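Given next, in structure tokens, is a single chain: the form deposited in one PDB entry.
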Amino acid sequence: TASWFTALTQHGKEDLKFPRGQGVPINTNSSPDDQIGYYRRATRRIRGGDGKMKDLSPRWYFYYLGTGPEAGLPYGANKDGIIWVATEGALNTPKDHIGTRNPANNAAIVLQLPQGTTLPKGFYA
């Protein structure tokens, strides 16, 4: 199981965060009640060439509230690597009817944000 969407990549040194009311990827199969979730940070490192580990740019993946690797965390719960996003008017209920993605059945939806959304500096898709 995986995120329904492709990642955001962090080039700066701050964690992801969105203005209140923006941040949820567009998904034409979801309703206005579903527009709420969290982004989870994913780290990666490689043997850097000098024999030492090299940290790569963190990526951040979105999961609907109540799904994914932190399916049990309630909205706004404070956990390192977890940041919360919601469209105004989204219901605060688990989205188990959307679930997570099986890569052996569906590729990721290309991540895109609703118009007028400001990504923090150093974050790109």
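Residues that one form lacks are left out of the comparison. Between two forms, the rigid core is the largest collection of C-alphas that superpose within 1.5 Å. Don't overthink the numbering: it's just position in the shown sequence, from 1.
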{"query": "Cross-entry absence of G48, a third or more of other PDB entries", "finding": "yes"}
{"query": "Selected stretch [higher average CA B-factor]: 76 to 84 or 49 to 57", "finding": "49 to 57"}
{"query": "Between 63 to 71 and 29 to 37 (mean CA B-factor, as deposited), the higher", "finding": "29 to 37"}
{"query": "CA B-factor placement of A2, once the chain's modelled residues are sorted into thirds", "finding": "lowest"}
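As for the form deposited in another entry, it is not shown, yet the points below apply to it.
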query: Entry of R47, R44, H97, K79 that shows, once the rigid core is matched between the shown form and the other one, a C-alpha shift of 2 Å or more; finding: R47
query: Superposed on the rigid core, segments between the shown form and the other one of at least 3 residues with Cα shifts of 2 Å or more; finding: 46 to 53
